[PDB]
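A short reminder: the numbers here are calculations on the coordinates, not readings from a lab. Every residue, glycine among them, receives a Cβ derived from its backbone with ideal geometry; neighbour counts consider all protein chains shown.
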Amino acid sequence: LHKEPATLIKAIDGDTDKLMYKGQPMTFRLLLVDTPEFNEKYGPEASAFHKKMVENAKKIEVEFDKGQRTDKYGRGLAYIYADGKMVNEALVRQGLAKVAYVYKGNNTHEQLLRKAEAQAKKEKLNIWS
Ligand SMILES: Cc1cn([C@H]2C[C@H](OP(=O)(O)O)[C@@H](COP(=O)(O)O)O2)c(=O)[nH]c1=O
Ligand SMILES: [Ca+2]
């Protein structure tokens, strides 16, 4: 996989942002994770964690996997990096997202993320508390 540029337009919630990609506004949905919706337990904490990470970043990058790049709602599907750190992984590692929506052929970083999840669960963080 390869990283590509984007800029933040607006943080939205635990697992979506509005990014400018190739000069066009798009909603992006994080691959391989699920955060609680804002109305749900740890929802606001996930939103805030994601927001801070992408707003504080000097450089945002998107990394598409090998399969589908947009979902049925027209959202981009990517791994999102904030100054080289994967937002997807960071949410999982803090117990603010579960590994989820693992579809065959768009699952390059599955094991990386499952490792993070196991460490969050061991530490009983947030969702796992
Ligand atoms: C993360 C992800 C979600 N989706 C679709 C499946 C789910 O469909 P449904 O809307 O029919 O449930 C929805 C979950 O996203 P959200 O967790 O953002 O709601 O988005 C994909 O199609 N591919 C993906 O990689
Ligand atoms: Ca969600």
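Its Kirkwood hydrodynamic radius, worked out from the mean inverse distance over all distinct Cα pairs, puts the chain at 14.4 Å.
For the chain, relative contact order (Cα pairs under 8 Å, six or more residues apart, normalised by length) works out to 25 percent.
How much net charge surrounds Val62 when only the other residues with a Cβ under 9 Å from the Cβ of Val62 are counted, with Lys and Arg +1 and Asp and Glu -1? Result for the neighbourhood of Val62: -2. The length gained on full extension between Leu8 and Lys22, counted as 0.36 nm times the residue separation minus their Cα-Cα distance, comes to 3.8 nm. Straight-line cross-link reach from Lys41 at under 26 Å between alpha-carbon atoms covers these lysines, not counting any fewer than eight positions away in the same chain: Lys10, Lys18, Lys51, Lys52, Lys85, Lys98, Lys115, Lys121, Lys122, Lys124. Which angle from 0 to 90°, rounded to the nearest 10, does the C-alpha axis of helix 110-122 make with the longest principal axis of the chain? Helix 110-122 sits at roughly 30 degrees to that axis.
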